[PDB]
Each structure stands twice: as structure tokens, then as C-alpha cells.
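Heads up, the chain shows up twice below as C-alpha cells, two forms, tagged structure 1 and structure 2.
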Structure 1
């Protein structure tokens, strides 16, 4: 459950947040495969409540109504089509599995659902699965309200309703079997793994009992005996009774300390400095590298209300954001996920964004297609961070240096730092308020290297900055603090 099951030499996944299946299928073929991306995390593919006030928020997709593969992203045919086309060019699909709960207990009964299925939350009837009142934790939860009230009590965090969402009785074999039937449907279609949403609110042993029921991966695309990649969403910043290590038996875990700390560092908040990153990783109290799924932001905390609050860097802070993603992709810690977002009309009142609910770009609720602009970014207000040259080229850097040790660290005791990955890559950051002009040991073989942040290697030409590594492995780097992107990265495949 710890292995991503990506193709040889692909080392990252991209969250195509709220994309339609047909657009993800195209993206696999036209971009993700040639540029070396490992896989795609997709939005939950099962039927969910259609919420009309507010109008179609992104988080309606975390309120299941059934396990039919029928959403605003597309139907089962389009989902199957996407998974087949991506697998056929060596790009995996990871599914956001919403299995802690069904929808909110106060949702009005009827057929306001993305496939028209009937459901009745008050009477706990989800006949499209089917679930009944016997399948929920109403009798198990011990709080007066029936909701989660105290996070110092690890039991109610698991058995009570998360903000009123109907909590499934995951100890029951029938419920485990309905969930496993859903995930096995997806596995046989060809998905490579799962993000387990809201894992903190599930018992580790109930998760294990569901995973015990899963098939091996589809043997047309994966070696025999391959197991689904499992990464569990657990927000563990310390100070709570539930620890993310309690979930290591089931798979990896999201390391939410990673982006919160990196954001504060690169923003230079709370006395932090980039030079402090010399011991980045478990030296900062993170989970072991082989159990971590890391990221700068995710779809949730990029809206500023989440784990890290305002320190999380997002596409809205593009200049610092590119630096943070670059550091993450160059550093060996963890398995890396890159965010790909859409724009919304952000409107902060008291440090919190009243429009943080707004869903994907839409015409009257129908999601807009991803259009590709001439400069290979995206239109229709899809941000497509994963197509930004500075980010895509660092996805490739991480492929090229895969396996090589963190080495040749430099820092100025402030915010100018550099390091190499074996003899395959070197990266240099200037986050101080003065220029960085210095000769550094790069570890790389002698020659001329294209800086892949400012440009690209095309044929035997560079379109941006060129770095000259001498026979001793040393190279001069000049980075103004005014530079558009104040970092430089070179690697074995950017050498002329």
C-alpha cells in the first residue's frame, strides 16, 4: 500500500481538482505522459448531493448519496474511458474515496443528487447503495448532539457525526463490503490507489478491514500481486490524541506539517529562515519519508481556512509559490503531489474567504471544459499550475535525480541556500533582500547547463539562463532579489 505504482522514473502526482473525466483523459495524452507526470488524483467519482444554496459548492462532492460513478465530472463510461486512456500512456489514476460518511443529516430528502438517485437523510435511507439506519453510528455515538464535540476524545472523533455528516458504521461487515465493492469496481476499471478522505474520523482497524477486501490491481497494467497505493488524509500537527502514525499499517499519510512549515519559512514569518531547511524532513518532526505524501497546498487549505491558515502558499502568491514547489520537488523527502486549481472570486472578511465554497468554473452548474491557451497555460479560469514552466520543469527535475542523495548544501545563514542531488541535479534559491552572486560546488559533471526555471533545453539550445560548470564541479550563480523567479535549477538532462 506504500508504493505509488507509477511507471519507472515518474515521481509525482497532480491533483486535477474538479476536472471533468474527458479533460483528464486528454491531459494524460497531450501533457502528463510526455512531461513525465506519474499520475492524477481525481475528485470523488461517486454520486453526491447537488447543493443549490450556496450554488454547487466544491464540497458537495464530499457528501455521498450513492456509489454510482455519476458526477459533474462525468458518468461511468467517461470515467472508464479516462482511466483506460491514462493507463495506456503510463499515467495512473488515484481516486478520492469518501467512505467515512454519507451526506449531511439536515439535507432535504428527494432527488437533488448528481445522478437523480433518491435519498432521505432524516430517515437514513440511501436505497441506491442500499444503506439504512442500521448502517450508521447513531446508536454508537455518545455525545448529546450526535456530532463531534471534543477532539481530545479519540472515540467520538470516530463514532460521531463530523459536522453533522451521517457517520457510517464501519465496524459492520455489510458496510465494509459495500465500500469494498465500490473500491473494487474502481480497481478493476484500473485505478492505482486511493486518497482516503477524513481518515482521522475512521478507526485504523476499520480501514484495515475494508482494505483486506480489495482486489489486486488490474493485471493488464500492473504486475501481479500489486496492491492499491493508499494515502490517508490525517491532519496531525501535534497536540491531539490521534497521531498519524496510528495509520502507518494501512498506507501512507498526508503530512500537513510540510506545507504549513514551508509556507512560514518562505514567507519569512515567525523568525523562520531558509537556512533552517538544512535538516528538512524528519528532522523537523515529520513522519518518516517513506510514509509521507507531501504537498505545498491542497484543494482545502489553499482557501486559507485550513491547516496552516494564511501561511499556506498558493497560486495567488505565484512568485513565492513557485519557490516552495521548487524546493519540495528538489528535496528527497516524501512522495510529492502538485496542486492544479481553478480561480474563484476570493473575498476575505476577517481573514477568512466568504467565497471559499465556490465550485469549479461553470455555466449554470455545468463544469466548463479545460481549454489550452496558445502559451500552453489554460483558459476558462483553470489555473493549471502543473503547466507553469517553473513547476513542470521541476516535476522533471525530480524524475531525473530520483534516488540521488541530498548533498552539497550551502547557506548564507539567512535566506540564500543551495543543494544538490548526487551528481544529477543542483538548485539555488535567493530569498534575501539582496543579490546572490557566488560560486558553488554543484556536484555535477563539467559543461553547459540550461537553467530550467528561466527557460528550457530545446535541441542543443537554451531558451533562458545558462550555467557553466567547470571541471571541479563549481559554477557561478547570480540571482537578483528582484528576479522574476529568484531560483535556478540545472540537472543532467538540461546539459547541452
Structure 2
């Protein structure tokens, strides 16, 4: 469950947050495949609560009503159509599995759901699954409110309602089977793995039991015996009884400390600086690289809805964001996930963003399609960070240097650092307030390379800056602290 099951040469997955199935299908064919992306993390494909207060917020998708693959992103067929089409072009589909709970216990009963299924949070009836009061942790939870109250009590964190969400009795074979039933359907459709949402709120043992029920990937597309990829959503920043290591027996875990400390460093907060990144990875209290699913930001914290808090960088900080991602995408630690967002009317008051609830672009609740601008950017308010040259090109960089060790590290003792990945790649950063002009050992083969950040290698030429590597691997670099993109990236496949 540790292997992403991407096909050799693909090393990242993009979170096409709130994208419809038809749009993702097209993206696999038109961009993801030819650009070498490994897979797509999709929003919960199961029926959820239709919330109108606020209007169609993005979080209404983490409030399940049934397991019908029928949401704002599309019905079951469109999902199949997507999974097939993406697989046929070597691009995987990872499902955001919301299996810890159903909806808010206070949500009105009725048919206010994405597929119309009737449900009753009050009487705990989700006849579409079906689930009854026998399937929830009401009796098991020992808190006075019934919800999670104190994170220092590892039991209540798992047995009580996460902010009011009805907690499924995951120790019951019946519930385990209804979830596995949901996940295997998806597996047999061709999905390559899952994001186990709210894993901290699930017992490592209960998750295990649910995985023992899981099939092996669809043998039409995957090697026989392919276990689905599993990355548990667990927010562990230390100082809490629950550790992410407790979930290593079930697969990978999101390393939330990653984007938190990376944003702290890049933002140069509390005295932190890039030169500290030399021992990036485990040396920072992060989980083992082979157990880490890393990312700069995620749909939650890019809104202040998650771990990392204030230091987290997002597309809103576009300049430092490309730099943050550039480093993540060049560093060998973990399996990388690129965020792909949409613009929302963000507006701060007294420090918080009051529009963080705003769902994806839409017309009367109907998610707007992703339009592709002539310059490959997206319209309809989709940010499409994965289409930004500096990101998309660093996505390719990771594939090209895949396997190569981390070496030839350089730092000025401040914020201009550089390192290489074997003899296949080299990247330089300058986050200081002054120009960086120095000849560095790149460990690369002599020749002329295209800087993939400022430009691209096209027709046997570079559209942007060019680096010249000498017979001794040496190469001169020059980045102005006021440069549009304060970092240069060259690799084997950008060589003229």
C-alpha cells in the first residue's frame, strides 16, 4: 500500500480539487499524460450533503450521505469514463475516501443530498448505504458533548464526533464491509489508490481491518498483485498523543510538518532560512521518506482550514509558492502531491478569511468547467498551478532525476542554496535580499542546458535562460533577489 502504482517515469500526483469527472478525463488526455504526471487525487466521488447555508461550500463533500458515485463532479458513469480514460493514458486516479463519518449530526433530514438519497442525521438513518443507529459511535464515545473535546485523549479522538460529524462504528464487521464494498467497487473500476480522510480519527487497527477486505488493483491495467496506494490523512505536528507512525502498517501518511516548516523557512519566519534545508527530511522530525506523502499545501490549510497554520504557502503567494514547490519537487524526500486550486473571493478581517467556505467556481451550484487559455492557463477561476511553467517543469524534473541521490549541496549560510540529484539534475535558489552570482559544482555532464523555470527546451533551443556546464561539471549561475522566479532548474532532459 506504500507504492503509488504509477507507471515508471511518473513521480507526482495532482489534486484536481473540485474538478468534474469530464474535465479531469480531458486533462489526463490533453495535459497530464504528455507532461508526465503520475495520477490525480480526486474529490470524494460519493454522494454528499447539499448544503445551501453557506451556498454549496467545498466542505459539504466531507459530509457523506451514501456511497453512490453521484456528486457535483458527476455521476457513476462519468466517473468510470474518467478512470478508464486516464488509465488508458498512464495517469492514475486516487480517491479521497471519506470513511470515518457521515454528515453533521445536526444537518436536517430529507433529500438535500447530491444524488437525492434520503437521509436522517437525527435518527442516524442513511438507508442508501444503508446505515442505522447501530452503526455509529454514540454509545462508545464517552465525552459529555459527544464530539471530540480533548486531543490529549487518543480514545475520544477516534470514538467521538469530529466537529459533529456522525462517527461510524469502524470496529463492526458490517461497517467495515460496507466501506470495503465502496472501495473495491472503485478499485475494480480502476482507481490506483486512496487518501484515507480523517485517519487520525480512525483506529490504525480499524483501518487495517478495512484494508484486509480490499482487492488488488484492476489487473487489466496493473501488474497482478498490485495493492492499492494508501496515504492516511493524519495531522501530527508533535505535542499530541497520537503519532503518525501508528499508521505505518496501513500505508503512507500525509507529512503535514512538511509544508508547515517549508513555508516557515521560505517565509524566513522566526529566524529560519533555506541553508537549514541541508538535512531536509527525517532530520526535521518528519516520518521516513518511504512513508511520507508530501505537499506544500492542501485544500484544507490553503484556506487556513488545516495544519501548518499561517506559514503555509499557496498560489496566493505565487512567487514563493513556485519556489516552495520547486524545492519539494527537486528534493527526493517522500512522494510529492501538487496542489491545483480555484480562486475564491478571499477576504480577511480580524485576521481570518470569512470566505474560506466558498465552494468551487459554479453557476447556480453547477461547478464551472475548466477552460484552457491559449497560453495553457485556465479560465473560470481555476488556478491550475500544475499548468504553471515553473511547476509543470519541476514536475518533469522530478521524473528525470528519479532515483538519483541528493548531493552537491551549497548554501551561503543564508537563503541562497543549491543542490543536485545525481548527475541528472541541478537546481539553485536565492531567497536572500541580494543577488546571487556564483559558479557552482553541478555534478552534471558538460554542455548547455535550458533553465526550465524561466523557460523551456523547444526545437533544440531554450526559450529562457541558459546555463553552460564545463567539463568539470562547474557552471555559473546568476539570480537577482528581484528576479521573477528566484531559482534556476536544469536537468538531463533540458540539455541542448
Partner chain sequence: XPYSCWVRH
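Think of the rigid core as the biggest set of C-alphas that the two forms share within 1.5 Å after superposition. Only residues modelled in both forms are compared. Positions refer to the first chain, counted from 1.
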**Panel number for the form deposited with its partner chain bound** = 1
**Complete:** Once the two forms are overlaid on the core, the CA atom of residue 352 shifts between structure 1 and structure 2, in angstrom, by 1.3
**Request:** Fit the two forms on their core, then tell me the C-alpha shift of residue 304 between structure 1 and structure 2 in angstrom.
**Result:** 2.4
**Asked** Cα of residue 227: shift between structure 1 and structure 2 in Å, core-fitted?
**Response** 0.3
**Request:** Could you point out the stretches of 3 or more consecutive residues whose C-alpha atoms all move by 2 Å or more between structure 1 and structure 2 when the rigid core is superposed?
**Result:** 304-306
